[PDB]
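# Residue-level structural notes
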Amino acid sequence: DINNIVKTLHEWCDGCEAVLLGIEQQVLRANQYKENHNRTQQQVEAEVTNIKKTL
Amino acid sequence: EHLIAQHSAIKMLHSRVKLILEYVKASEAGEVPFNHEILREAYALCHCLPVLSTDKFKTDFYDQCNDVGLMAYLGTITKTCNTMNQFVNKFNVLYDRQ
Amino acid sequence: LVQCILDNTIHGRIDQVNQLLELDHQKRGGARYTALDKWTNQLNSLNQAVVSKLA
Amino acid sequence: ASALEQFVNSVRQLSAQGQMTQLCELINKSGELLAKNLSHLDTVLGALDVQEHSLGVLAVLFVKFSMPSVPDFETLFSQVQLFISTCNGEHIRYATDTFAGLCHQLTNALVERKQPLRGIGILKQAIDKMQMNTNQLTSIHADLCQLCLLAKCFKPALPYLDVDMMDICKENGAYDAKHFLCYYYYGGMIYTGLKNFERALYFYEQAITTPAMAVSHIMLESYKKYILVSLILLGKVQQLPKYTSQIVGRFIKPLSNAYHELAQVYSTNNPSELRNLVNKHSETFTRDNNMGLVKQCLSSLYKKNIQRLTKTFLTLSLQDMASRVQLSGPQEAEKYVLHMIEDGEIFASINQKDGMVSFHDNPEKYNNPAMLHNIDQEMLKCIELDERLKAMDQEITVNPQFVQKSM
Amino acid sequence: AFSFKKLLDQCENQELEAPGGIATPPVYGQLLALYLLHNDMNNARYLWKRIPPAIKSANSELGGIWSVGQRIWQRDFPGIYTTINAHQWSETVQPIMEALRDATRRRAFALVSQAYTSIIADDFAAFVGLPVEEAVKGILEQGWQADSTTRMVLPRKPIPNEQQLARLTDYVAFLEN
Amino acid sequence: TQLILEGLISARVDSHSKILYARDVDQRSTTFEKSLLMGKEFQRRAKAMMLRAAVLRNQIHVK
């Protein structure tokens, strides 16, 4: 059963690594969403400043 | 920050698992052929890794998920209706009078 | 038994067909989902009325 | 014909030299030469090329349709199909008024000849070419739904009707609200024929809330159809909102008195009395092009009575069920329950051994992944809703008036 | 089923793209049969009203399919099966007609199981379009209960982690801004 | 039966054995059902308001 123990430990390690990679992908997605929100905010600010310069 | 905290916790557990696996491999190669109660309990815990849930536990988990998901839907509805109220207030100034 | 239940001293009812006294164990631990539902419905009708009046 | 040749040469020069706006204003110019001179436009068609040369041809095509001397429709329809297939309408969005009138004349000719089956496909192509996004509603949609209704072919509309189009096209100021009124009335009828009473009622409600200084027959019939669907689906007339409309509301209610009378007896909940009223007002509902809706109202009343029995009974016999809802026998009640269970309206069970029907509550304990998936789908719809609302709010912020008030 | 839906969509597109405005009789026959398969009675009824009487007179098979559709609307299963197996269906209609016959069996089988806690053997036999006796062994092998004395039949009524994570990330992204 | 139709008895009639069984519906199931109905109505009203905004912005009205 040493082989079975090694297989179980390898499966646990692979699952942990997969969850870690998923968490990192969530990091990237959340950062991208924050960047998109910041881009929308800066676009709104630029539009407001352009209209202020127009008048 | 929330999932970074969970990431750190999972990293700690993964490091512990890596240490256990390395010890098992070393024992298979050299070290103590059988460290007695230690490898016994390690194998027992690896045999309790499946855990095995019953219909009731899965039902309760789905129940909590559905409840808090309905709460999330209510929160999204509140945010959407606030956005709608802001849009209506702006529209009533854009063209509408009174 | 009927007098005691009608006096709110007994939290249960009576099964006269089988000569049985069933008491409500009230183990659900709820009474908060009712408040959540009341809040949800009242404030959503409130929002609908506000939107209809403002539009 | 000399002027027409000059116009063709002018169109060719503006197209070959990259004069997008000059060609657009030339088409939008007087064009009296195209109006008075005819019998030479076929030569213009062959001589002129495709892409934006065909855009000038489209104006030439629109000129032909504007005259009662429209040429052989066999050759005309093939040329229209060739133009649509080889369409490069990168600038047709500027001349939306001409294209809208072309579709209206084509639809009127289709109704005159009673051949609305083929016009659905052509008008489907027409909407795709001119519209900017899938959330834009135009006048061609009203004619498209009319062709589907006359041809009794609701299959193509349902895809294009299941999308909410929150951007009306002014058609360069030529968009009359009659097209808007016709589209929702025709769209509601299409949904009604597909037993989609919820969307049909929604479309009828939107047509009701259209602000109008004058009441029209199309609006009047839309209100009447709204009552019929409300009686079928909800069992009662849904109250009109308070964002409302104009005198449309004021004038129609006295006018559509009979449908309110039908609703009043429907509220009394008596199929026998309701049937007697229908027989009394048979000719009153006959000018509807449909009498089945009244029969559907009666069936809905029977279904509503059966549904009300579930909320009050756990196990009821077929004989008692038939007596309560006034049926001819237990077999009819057995069939009615079976059909409603097939449609997914009732959760109950019948026991033929004892002649009993056992009603049951909702078997949904909200513990299955299906409810979670439905909630997540509604969540995605709500997030798309909020994104559209934020985009519209930003577009509002772009306006001059709010900035002037802010500055 | 999936191929039938694909065939229906192709036939639906051909009707819209009809050159002369009328489809070939095989297309109309396939369209009507496929509507009956999906129990889309409204579309089948409206298509039948759309078909000119010239095709109906020149193709008596089209009227036979409509007669079956009327039987399906009335939901008289013994009549439905009799009408299905009475008229000879061409090579383009025989396979889809049998699929409709199978669809009716499954529908009526589910209708009895859901609605009927108890049902007479003759009534169940009529509903499924089979004689009584082998219908009994068909449902006993289905794990149901049957009473021989009263001839009554007692039917027995019967998200991945990645998607969840994506939905929760969408929750947070929507509620963060 | 009349009292159940009017209310304030909260019961179901079992005409088979002629026994009146009281109704104790789960609060959560009804809450979820009416919350889903509320969400559907809110989506419908949002669509209605968006259409109203579209027709008002584009100046669409019967002359």
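Reading guide: rules and limits
Within every chain, residues carry numbers counted from 1 in written sequence order, not necessarily those of the entry, while residues missing coordinates are excluded from display. Just so you know, chain letters begin at A and ligand numbers begin at 1, following the order they were written in. Part of a larger assembly is shown; the reported values describe that part exclusively. As a convention, hydrogens and water are excluded, and side-chain values are obtained from all of the structure's heavy atoms. By definition, residues are in contact when any of their heavy atoms lie within 4.5 Å. Once two parts are put together, the accessible area they lose, assessed with a 1.4 Å probe and summed over both, is termed the buried area. In the sections that follow, a salt bridge refers to a side-chain nitrogen of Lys or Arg positioned within 4 Å of a carboxyl oxygen of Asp or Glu. A pair of strands is considered paired only if DSSP assigns at least 2 bridges between the two. A run of H or I in DSSP becomes a helix once it reaches four residues, and a run of E becomes a strand once it reaches two; helices and strands are each numbered from the N terminus. Throughout, an axis means a line fitted to C-alpha atoms (over the contacting stretch in the case of helices), and angles, computed between N-to-C directions, take values from 0 to 180 degrees. For patch detection, residues must exceed 30% relative accessible area and be free of salt bridges, and they are connected within 9 Å for like charges or within 5 Å for nonpolar side chains (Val, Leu, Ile, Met, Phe, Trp, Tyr). Computed by Shrake-Rupley with a 1.4 Å probe, the accessible areas treat only the displayed protein chains as cover when residues are assessed. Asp and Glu count as negative and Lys and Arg as positive, but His and the ends of the chain are not part of the count. Note that the charge is assigned to NZ on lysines, CZ on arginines, CG on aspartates and CD on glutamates.

Right, let's talk about the arrangement of the chains for a bit. Between chains D and F lies the most contact-rich interface of the 11 pairs of chains that touch. With respect to C-alpha atoms, chain A approaches chain C no nearer than 26 Å, and the pair has no contact.

Glancing now at the interface of chain F and chain D. Taken together, the contacts link 33 residues of chain F with 48 residues of chain D. The contact between chain F and chain D buries some 4000 Å² in all, and 60% of this surface belongs to carbon and sulfur atoms. Among the residues of chain F in contact with chain D, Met50(F), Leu51(F) and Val62(F) are the three that bury the most area, contributing 17% of the side total. Here chain F and chain D share 5 salt bridges between them. Residue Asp167(D) pairs with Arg57(F) through a salt bridge whose shortest N-O separation is 2.8 Å.

Another aspect to go through is the sheet that holds strand β1 (residues 313-317) of chain D. Strands in a sheet are paired, the pairing made by backbone hydrogen bonds, and the direction either parallel or antiparallel. Read from one edge to the other, the open sheet built from 8 strands follows the order β2(E)-β3(E)-β1(E)-β2(D)-β3(D)-β1(D)-β1(F)-β2(F), with strand pairing classed as mixed. Among the strands making up the open sheet, the edge pair consists of β2 (145-147) of chain E together with β2 (19-22) of chain F. Shown here is a sheet whose adjacent strand axes are inclined to one another by a mean of 20 degrees, direction ignored. The strands touched by helix α7 (residues 94-115) of chain E are β2 (348-351) of chain D together with β1 (116-120) of chain E; relative to β1(E), the strand with the most contacts, the crossing angle is about 115 degrees. Running over the sheet, helix α8 (residues 121-128) of chain E touches β1 and β3 (152-154) of chain E and is turned about 95 degrees from β1(E).

Looking now at a positive patch on the surface. A surface patch of positive charge is lined by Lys152(D), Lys295(D), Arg45(E) and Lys49(E). With respect to the element layout, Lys295(D) can be found in helix α18 (residues 292-310).

Let us look at a nonpolar patch on the surface. On the surface, a cluster of nonpolar side chains totalling about 570 Å² of accessible area is made up of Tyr33(C), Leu36(C), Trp39(C), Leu43(C), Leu46(C), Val50(C) and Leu54(C). By secondary structure assignment, the location of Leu36(C) is in helix α2 (residues 33-54).

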